[PDB]
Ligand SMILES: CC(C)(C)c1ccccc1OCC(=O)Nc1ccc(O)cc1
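Just one chain follows, in the form solved without this ligand, and it is written as structure tokens.
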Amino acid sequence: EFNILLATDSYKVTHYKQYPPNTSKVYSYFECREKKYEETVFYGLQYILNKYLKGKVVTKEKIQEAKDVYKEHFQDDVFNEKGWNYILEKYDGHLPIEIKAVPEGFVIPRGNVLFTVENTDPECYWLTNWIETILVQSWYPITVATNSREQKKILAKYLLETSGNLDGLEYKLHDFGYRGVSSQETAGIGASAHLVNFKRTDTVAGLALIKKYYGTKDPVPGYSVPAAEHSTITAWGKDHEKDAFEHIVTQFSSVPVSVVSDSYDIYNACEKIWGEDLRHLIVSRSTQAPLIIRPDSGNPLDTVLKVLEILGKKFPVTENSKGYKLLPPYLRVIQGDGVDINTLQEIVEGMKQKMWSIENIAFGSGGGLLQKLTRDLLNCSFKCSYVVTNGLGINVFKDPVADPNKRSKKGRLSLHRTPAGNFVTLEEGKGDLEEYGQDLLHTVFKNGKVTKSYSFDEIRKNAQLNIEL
């Protein structure tokens, strides 16, 4: 069972002894610090609040467990047993913490306050930063959602330019990341974050998380389609690749089906097997049930371009209203190898230069979508900005001489709309001067209760692209 007393960085166990004597309040905030990625999608805090922070999170057993572990871990007795007991006895184990946050799905420029944390009981001054570690992990869903959305911007731009519209945009980036992430829990969180922007996923874990923690009007937030993997082709034997293809497309004759075509020779598969031997099984398919040819090796751009050129000569290609080449509607391509935001950009621009519509293509991304991301990408950071000691409030901050980029904000913070309709973060409690209207943060957690929440539908609406709006 999860124990919040054991879910922090070890050194934080010793911090209650380090703050100034008679400190009654510790107030801290999270931002994606300013230094590509000029704006971030706020997503994921609600999951953390519900799964880990709400309700009775302290018991006698959990306190004893943490005491016993930390005694051995530090080779010394430094654990604040009394402080945790206070929370157990006074609040029935509910955390005396208040969290204010921007609404989930909101798209906010870097360097703005996204959420704040403060203790609601003076005895629990130490609790604010105890939970830094668990709250800071919000960096991951924020970062997946943001990087996913930046890829949606690229796709929308090139789809609009080559086809004249955005039809199918939300199906153009398919999460293949389940095997390439670091755990089952990460799989669910990361997939859910991708689904803020798109509707295609093979990472099943994301569905249950969304259903449990957020909710959608639709039965599921994300979809997949039948597809082969290398084993369902190669198992037929090296001389029987054609037999494999035929069986598979016949088994899935009236739904879309993706068939990995590079087990031995992608160019042969496209030109000779699909393009000649099995062509009669492709040209007979429904617009609602295309074959999706899937290359999976080689230089992604060169391979996509060559596959398209091959198919373009074996199948009837049309020219859309924008002047770009379009495969017949029973035939599409998916590139699911080596795709990240950079190579995605390179492929669509390369297609555009060769006059191929982005209609023709979809992308699968795994490690690039859900794993190859760190807290440094958006400088996701949690810092103390305000304390009260001896009944006096002090605005606090860091400002390292050798890195002004690491300077933190001072005092009590609030988020506001500017006269031009942008966001601004006011420091030093200046939000109280009421020169900038109401604070846009909302209380989302207070004294063990989740006080405000968002459906996955409203998160999606908040996260929409300008061009979509």
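Each residue number is its position in the shown sequence, starting from 1.
- Unmodelled deposited residues between residue 35 and residue 36: 10 or more, per the record.
- Comparing the deposited coordinates for 433-441 and 407-415, the stretch with the larger average C-alpha B-factor is 433-441.
- Taking the PDB entry as given, 318-326 carries the higher mean Cα B factor of the two stretches 256-264 and 318-326.
- When the C-alpha B-factors of 107, 99, 394, 144 are read from the PDB record, the largest value belongs to 394.
- If you compare the C-alpha temperature factors of 296, 346, 376, 150 in the entry, 376 comes out highest.
- Placement of the Cα temperature factor of residue 125 within the chain: middle third of the modelled residues, per the deposited record.
- Placement of the Cα temperature factor of residue 241 within the chain: middle third of the modelled residues, per the deposited record.
- Residue 469: CA B factor in the highest third of modelled residues in this chain (values from the PDB entry).
- The PDB entry assigns residue 461 a C-alpha temperature factor belonging to the lowest third of its chain's modelled residues.
- Residue 50 sits in the lowest third of its chain by CA B factor, as recorded in the PDB entry.
Here the subject shifts to the form solved in complex with this ligand, a form of this protein not shown in this document.
- For the chain shown alone, residue 246 is not a contact residue for this ligand in the deposited bound form, no non-hydrogen atom being within 4.5 angstroms.
- Residue contact check for residue 96: none of its heavy atoms lie within 4.5 Å of this ligand in the deposited bound form.
- The closest non-hydrogen atom of residue 258 lies within 4.5 Å of this ligand in the deposited bound form.
- In the deposited bound form, at least one heavy atom of residue 172 sits within 4.5 Å of a heavy atom of this ligand.
- Of the candidates 387, 108, 134, 362, 362 is the one whose heavy atoms come within 4.5 Å of this ligand in the deposited bound form; the others do not.
- A heavy atom within 4.5 Å of this ligand in the deposited bound form is found for one listed residue only; from 271, 202, 150, 121, this is 202.
- Contact with this ligand in the deposited bound form, defined as a heavy atom within 4.5 Å, is made by all three of 224, 227 and 334.
- Screening 250-258, 82-90, 387-395, 108-116 for residues having heavy atoms within 4.5 Å of this ligand in the deposited bound form returns a single hit, 250-258.
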